[PDB]
Amino acid sequence: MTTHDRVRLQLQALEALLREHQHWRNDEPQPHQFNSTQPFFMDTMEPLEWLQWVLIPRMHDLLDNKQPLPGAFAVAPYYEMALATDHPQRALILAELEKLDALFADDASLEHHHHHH
């Protein structure tokens with residue numbers, strides 16, 4: 001089973017979580033949100049609107065383009081602070097995050113098989 005494909009499923013697992021706990025956001029391609037060019041768009045909007053709409057579809061294309069997974073990609077430690085402790089059910093989201101991050105920390109070395117030696 002394709003590694004880049006399983007991470008796609010993970011993205012859909014997070015999507016499913018946002019489907020049950022309906023907090024899904026749909027932006028009408030506002031360039032203002034991206035032309036800030038921040039890693040997490042912290043000042044452009046709430047750090048929560050980075051996880052969905054941006055991260056999920058962004059990774060969809062990345063996975064498809066056979067691109068190697070960022071070895072130190074970890075958003076769980078970020079949202080651990082970005083998402084207040086006042087909502088204990090955040091563990092559900094964090095578990096999905098730590099699981100996602102665990103996939104980026106899973107595939108470390110993609111073999112470079114050239115077309116000819």
# chains A, B, ... in the order shown; residues from 1 in each chain; ligands from 1
>>> residues_around(residues="segment 22-36 of chain A", least_positions_apart="6", cutoff="9 Å", atoms="only C-alpha atoms", output="PyMOL selection string")
chain A and resi 15+43-45+49+52-53
>>> closest_residue(among="A:14, A:107, A:113, A:47", to="residue 94 of chain A", atoms="only C-alpha atoms")
A:14
>>> closest_residue(among="A:88, A:51, A:19, A:7", to="residue 104 of chain A", atoms="only C-alpha atoms")
A:7
>>> residues_around(residues="residue 60 of chain A", least_positions_apart="5", cutoff="12 Å", atoms="only C-alpha atoms", output="ChimeraX atom specification")
/A:4-12,52-55,65-67,69
>>> atom_distance(atom1="atom CA of residue 59 of chain A", atom2="atom CA of residue 89 of chain A")
25.2 Å
>>> atom_distance(atom1="atom CA of residue 37 of chain A", atom2="atom CA of residue 50 of chain A")
11.9 Å
>>> atom_distance(atom1="atom CA of residue 68 of chain A", atom2="atom CA of residue 83 of chain A")
28.3 Å
>>> residues_around(residues="residue 80 of chain A", least_positions_apart="4", cutoff="10 Å", atoms="only C-alpha atoms", output="list in words")
residues 75, 76, 84, 85, 90, 91, 93, 94 and 97 of chain A
>>> select_by_dssp(residues="chain A", states="alpha helix (DSSP H)", output="PyMOL selection string")
chain A and resi 3-20+48-50+56-64+76-82+90-104
